[PDB]
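1. Requesting a structural model of the entry that follows:
(3 chains, ligands or ions: 90)
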Amino acid sequence: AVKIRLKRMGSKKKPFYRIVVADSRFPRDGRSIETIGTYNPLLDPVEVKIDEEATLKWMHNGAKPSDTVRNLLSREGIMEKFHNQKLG
Amino acid sequence: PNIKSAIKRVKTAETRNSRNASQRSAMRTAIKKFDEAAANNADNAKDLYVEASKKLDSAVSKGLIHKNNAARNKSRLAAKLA
RNA sequence: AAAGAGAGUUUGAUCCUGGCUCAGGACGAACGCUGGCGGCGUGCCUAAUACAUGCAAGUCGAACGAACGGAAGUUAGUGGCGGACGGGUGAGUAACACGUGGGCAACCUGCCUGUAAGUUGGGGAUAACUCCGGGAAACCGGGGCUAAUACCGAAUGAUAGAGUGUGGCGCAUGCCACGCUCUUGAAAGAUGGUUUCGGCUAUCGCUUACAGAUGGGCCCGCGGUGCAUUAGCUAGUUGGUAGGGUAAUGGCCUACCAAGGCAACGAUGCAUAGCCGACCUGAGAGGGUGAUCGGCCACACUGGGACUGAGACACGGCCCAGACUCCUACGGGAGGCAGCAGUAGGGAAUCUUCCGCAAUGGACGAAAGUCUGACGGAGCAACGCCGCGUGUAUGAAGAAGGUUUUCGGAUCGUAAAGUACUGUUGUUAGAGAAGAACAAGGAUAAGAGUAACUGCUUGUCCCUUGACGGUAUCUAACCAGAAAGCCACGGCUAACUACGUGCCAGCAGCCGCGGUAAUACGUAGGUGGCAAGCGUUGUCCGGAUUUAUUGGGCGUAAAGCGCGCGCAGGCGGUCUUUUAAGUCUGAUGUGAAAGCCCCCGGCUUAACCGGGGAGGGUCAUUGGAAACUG
Ligand SMILES: [Mg+2]
Ligand SMILES: [Mg+2]
Ligand SMILES: [Mg+2]
Ligand SMILES: [Mg+2]
Ligand SMILES: [Mg+2]
Ligand SMILES: [Mg+2]
Ligand SMILES: [Mg+2]
Ligand SMILES: [Mg+2]
Ligand SMILES: [Mg+2]
Ligand SMILES: [Mg+2]
Ligand SMILES: [Mg+2]
Ligand SMILES: [Mg+2]
Ligand SMILES: [Mg+2]
Ligand SMILES: [Mg+2]
Ligand SMILES: [Mg+2]
Ligand SMILES: [Mg+2]
Ligand SMILES: [Mg+2]
Ligand SMILES: [Mg+2]
Ligand SMILES: [Mg+2]
Ligand SMILES: [Mg+2]
Ligand SMILES: [Mg+2]
Ligand SMILES: [Mg+2]
Ligand SMILES: [Mg+2]
Ligand SMILES: [Mg+2]
Ligand SMILES: [Mg+2]
Ligand SMILES: [Mg+2]
Ligand SMILES: [Mg+2]
Ligand SMILES: [Mg+2]
Ligand SMILES: [Mg+2]
Ligand SMILES: [Mg+2]
Ligand SMILES: [Mg+2]
Ligand SMILES: [Mg+2]
Ligand SMILES: [Mg+2]
Ligand SMILES: [Mg+2]
Ligand SMILES: [Mg+2]
Ligand SMILES: [Mg+2]
Ligand SMILES: [Mg+2]
Ligand SMILES: [Mg+2]
Ligand SMILES: [Mg+2]
Ligand SMILES: [Mg+2]
Ligand SMILES: [Mg+2]
Ligand SMILES: [Mg+2]
Ligand SMILES: [Mg+2]
Ligand SMILES: [Mg+2]
Ligand SMILES: [Mg+2]
Ligand SMILES: [Mg+2]
Ligand SMILES: [Mg+2]
Ligand SMILES: [Mg+2]
Ligand SMILES: [Mg+2]
Ligand SMILES: [Mg+2]
Ligand SMILES: [Mg+2]
Ligand SMILES: [Mg+2]
Ligand SMILES: [Mg+2]
Ligand SMILES: [Mg+2]
Ligand SMILES: [Mg+2]
Ligand SMILES: [Mg+2]
Ligand SMILES: [Mg+2]
Ligand SMILES: [Mg+2]
Ligand SMILES: [Mg+2]
Ligand SMILES: [Mg+2]
Ligand SMILES: [Mg+2]
Ligand SMILES: [Mg+2]
Ligand SMILES: [Mg+2]
Ligand SMILES: [Mg+2]
Ligand SMILES: [Mg+2]
Ligand SMILES: [Mg+2]
Ligand SMILES: [Mg+2]
Ligand SMILES: [Mg+2]
Ligand SMILES: [Mg+2]
Ligand SMILES: [Mg+2]
Ligand SMILES: [Mg+2]
Ligand SMILES: [Mg+2]
Ligand SMILES: [Mg+2]
Ligand SMILES: [Mg+2]
Ligand SMILES: [Mg+2]
Ligand SMILES: [Mg+2]
Ligand SMILES: [Mg+2]
Ligand SMILES: [Mg+2]
Ligand SMILES: [Mg+2]
Ligand SMILES: [Mg+2]
Ligand SMILES: [Mg+2]
Ligand SMILES: [Mg+2]
Ligand SMILES: [Mg+2]
Ligand SMILES: [Mg+2]
Ligand SMILES: [Mg+2]
Ligand SMILES: [Mg+2]
Ligand SMILES: [Mg+2]
Ligand SMILES: [Mg+2]
Ligand SMILES: [Mg+2]
Ligand SMILES: [Mg+2]
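-> Numbers count the residues shown, from 1 in each chain, chains lettered A, B, ... in the order given. Ligands and ions are numbered 1, 2, ... in the order given. Right below this line is the structure:
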């Protein structure tokens, strides 16, 4: 089951996450299908950059955001679009 | 075994082995008594194709044979019917 | 744009050829002397040797029969999913294993997403439990009782099979769409709202079918190693006919038939080796390597086999055989650190039997939640890279004391000592981060679906969680106080004087120094290179144009076969027309991420870490040009 999740990279006690699409089976920092965006939690206003087009393409093919990703996509505001394109 | 979840697997697989071997050899007997009937051109050759067909695709629903395997064998037996 | 340093050594002296040696850079390094700190990384290269002791794979009572509780509320076994992922190693392997590019009209795919049909009716058991029996123990038999989403029939339902009709087609085998006849193939309930109880209904499920996504299977072109003092190799081998088997084509297997197939464009054999992105060096072309990080492969004490499953011939699963260790009441039993730590051994050589699921990602669950030596952190080691501390300023023709002196002086030396100043570091005491998003739970609002709810999807508020760790980081004060070594000084190569020894002790990369005035041995004074280091050894590239495509040669220095006839191969006079294999050029797809390079930004700077880009192919499809080779 392919799902979108964070990927930890950076230095010791300085994490930086890169939103990727990959299977659950593959390692956390291993194979991935493609990359969507990044996520910096250290910045006090957390800044995130997303494709907003590859995500919606993937979520109509059987992709599920994880716990932290869903908060990111909701705050950015594309799960509304996933709502509207589903029923419309 | 020495992981508690592994002791169950070794003994629950034997129960599946027992049930599978029993009805897998039931399938082969129906085929065994068809091709010999086809050679003799008896009247039983026609209706021995039906339960052999019934045995083959019942095994698919039971899940111990692939649907391509069942579909293939039925076609090849039908040729021998003459 | 980029763009290349030489020196010593054959001779009485010279010019060439030619080897040897040196100056540079890099290690997963080791050893010797020395040793303050912080940040980021790295750490069994040998025995794929043998392994004490702990922990690394479980979960679900919202699928089915118990103990605390006056019968409210929480905890074994059957059953489902997961154990095929995550983690380790480099033995084997010279081949579709890998890299790159294609084909599958010759294939499969649990969980995930969408859509369409339904989820109707029965039956027989068996664990657990309860007795009996056997054995030291592992554990094995017999009798009786019970349930399920466990198991097995039944009704209905195939684009599954057979026989056809039509069309539209393609690459030969063949494909796509629709229609007709006949035969087979399915299922499960659980938790709630409503009504009434009939019944309906929400959520999670269950069966069949088709799509998408994901992960795999098979085939093919090209590419990357030594030996010819290794010339033949092969017999299911090569092709065909019929059948078997597989998810799928195929000698994959079998019977028959024929005798073929490969090789000097290097078969076969021996030796060595996981492959790549990449790393080191180099002006470049190349040469050497494949540790850490990422992708693929093979292996799991040594051989062989299969079961269960969507997926295995399965690291912490099973069966047999072998070697080894252990327990036996002698009948028999139990094991596998190339998982995280750790032990012995080998070695010149490599770390803790630590803390947490707080963050990320996994398995189960409807959810809290449980599991996670993955992963986050901490510990040891100057192993490497980066940063800066061992005090600053002024101060004598010049303190004492070393060391030398043709004895007047010179040098250590503005360095002492003195005065003035600072606290990076230190010691003490006070303040104290980010990493946290959550999930769940509570109110709402809007939607699809409803006879109506419950419930589902999205939005906003309330509440909640830190191993690191009182860590990083500030400000308050006192102290120049606790913090400098290593190698060389004849030339190459920056830096010279005394004393001791007397071909002895000794030095050495090369030339070569030492035989009672040694800038070369040993010690001092002084100096020169670096600095928390500095030297030596081992390995690789460079210099080496010393295998010369870029970039050498064969009269006398090494080097023209004693000469001819000639198969294969290499090369080929002049012009015209055509073709488009070589050649040049445009578009599309791809050459992952990380790394080198370019442009910006964050850590007080750097190392380091982010964002974007570039480069990288004798690559595939397709369109052009016609001078040159064909
Ligand atoms: Mg924050
Ligand atoms: Mg039936
Ligand atoms: Mg001479
Ligand atoms: Mg020379
Ligand atoms: Mg150089
Ligand atoms: Mg050097
Ligand atoms: Mg020390
Ligand atoms: Mg020491
Ligand atoms: Mg090893
Ligand atoms: Mg072995
Ligand atoms: Mg043990
Ligand atoms: Mg634990
Ligand atoms: Mg219950
Ligand atoms: Mg459930
Ligand atoms: Mg239980
Ligand atoms: Mg693995
Ligand atoms: Mg190997
Ligand atoms: Mg390796
Ligand atoms: Mg490929
Ligand atoms: Mg019964
Ligand atoms: Mg019994
Ligand atoms: Mg019984
Ligand atoms: Mg039917
Ligand atoms: Mg039926
Ligand atoms: Mg299903
Ligand atoms: Mg794989
Ligand atoms: Mg094949
Ligand atoms: Mg090849
Ligand atoms: Mg055939
Ligand atoms: Mg063969
Ligand atoms: Mg060979
Ligand atoms: Mg060069
Ligand atoms: Mg190169
Ligand atoms: Mg290793
Ligand atoms: Mg071993
Ligand atoms: Mg199976
Ligand atoms: Mg095995
Ligand atoms: Mg296993
Ligand atoms: Mg394997
Ligand atoms: Mg494994
Ligand atoms: Mg083990
Ligand atoms: Mg044994
Ligand atoms: Mg270990
Ligand atoms: Mg040892
Ligand atoms: Mg030793
Ligand atoms: Mg966790
Ligand atoms: Mg989690
Ligand atoms: Mg779930
Ligand atoms: Mg455990
Ligand atoms: Mg732990
Ligand atoms: Mg770790
Ligand atoms: Mg250090
Ligand atoms: Mg040392
Ligand atoms: Mg004096
Ligand atoms: Mg004096
Ligand atoms: Mg301070
Ligand atoms: Mg304090
Ligand atoms: Mg304090
Ligand atoms: Mg969370
Ligand atoms: Mg919530
Ligand atoms: Mg509401
Ligand atoms: Mg509402
Ligand atoms: Mg909501
Ligand atoms: Mg404090
Ligand atoms: Mg301050
Ligand atoms: Mg002071
Ligand atoms: Mg000099
Ligand atoms: Mg002397
Ligand atoms: Mg010397
Ligand atoms: Mg000397
Ligand atoms: Mg000295
Ligand atoms: Mg000095
Ligand atoms: Mg330094
Ligand atoms: Mg060194
Ligand atoms: Mg050396
Ligand atoms: Mg060269
Ligand atoms: Mg020459
Ligand atoms: Mg010549
Ligand atoms: Mg001569
Ligand atoms: Mg000669
Ligand atoms: Mg001649
Ligand atoms: Mg010729
Ligand atoms: Mg010509
Ligand atoms: Mg020619
Ligand atoms: Mg790349
Ligand atoms: Mg900056
Ligand atoms: Mg970087
Ligand atoms: Mg980049
Ligand atoms: Mg022409
Ligand atoms: Mg033309």
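
2. Pull the number of nearby residues for residue 78.
-> No chain in the question, so chain A it is. Neighbour count of residue A:78, defined by other C-beta atoms under 10 Å in any protein chain shown: 18. (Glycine included, C-beta is placed from N, CA and C.)

3. right idea, wrong chain: chain B
-> Residues within reach of residue B:78, counting by other C-beta under 10 Å, total 11.

4. and it, what element?
-> helix B:67-81 (DSSP states H and E).

5. helices and strands around that helix, which ones?
-> The contact analysis (3 or more C-beta pairs under 8 Å, 6 or more residues apart in numbering or on different chains; DSSP states H and E) places helix B:67-81 against helix B:4-40, helix B:44-62.

6. any chance you could map the helices in chain A?
-> Here chain A has its helices, by DSSP state H, at A:54-59, A:67-76, A:79-87.

7. Just name the most buried of the ones you listed.
-> helix A:54-59 (a mean of 18; mean count of other C-beta atoms under 10 Å in any protein chain shown).

8. Please name every helix or strand in contact with that helix.
-> Using 3+ C-beta pairs under 8 Å, 6+ apart, helix A:54-59 sits against strand A:2-5, strand A:34-40, helix A:79-87.

9. I would like the residues contacting the last one, please.
-> The reference is to helix A:79-87. For helix A:79-87, contacts defined as C-beta atoms under 8 Å, 6 or more residues apart in numbering or on different chains pick out A:56, A:59-60, A:70, A:73.

10. Please apply the same query to stretch A:3-21.
-> Around stretch A:3-21, the neighbours that count as contacts under C-beta under 8 Å, 6+ apart are A:2, A:22-24, A:28-29, A:32-42, A:50, A:54-55, A:58, A:63-66, A:68-69, A:72.

11. Could you restrict those residues to the ones contacting RNA strand C?
-> The residues of the contacts of stretch A:3-21 that also fall near RNA strand C, by C-beta under 7 Å from any atom of the strand, are A:2, A:23-24, A:28-29, A:33, A:38, A:41-42, A:63-64, A:66, A:68-69, A:72.

12. so which of these would you say is closest to residue B:9?
-> The closest of these to residue B:9 turns out to be residue A:24 (C-beta to C-beta; 22.8 Å).

13. quick one, phi psi at that closest one?
-> Geometry field for residue A:24 lists phi and psi as phi -70, psi -30, criterion degrees, to the nearest 10.
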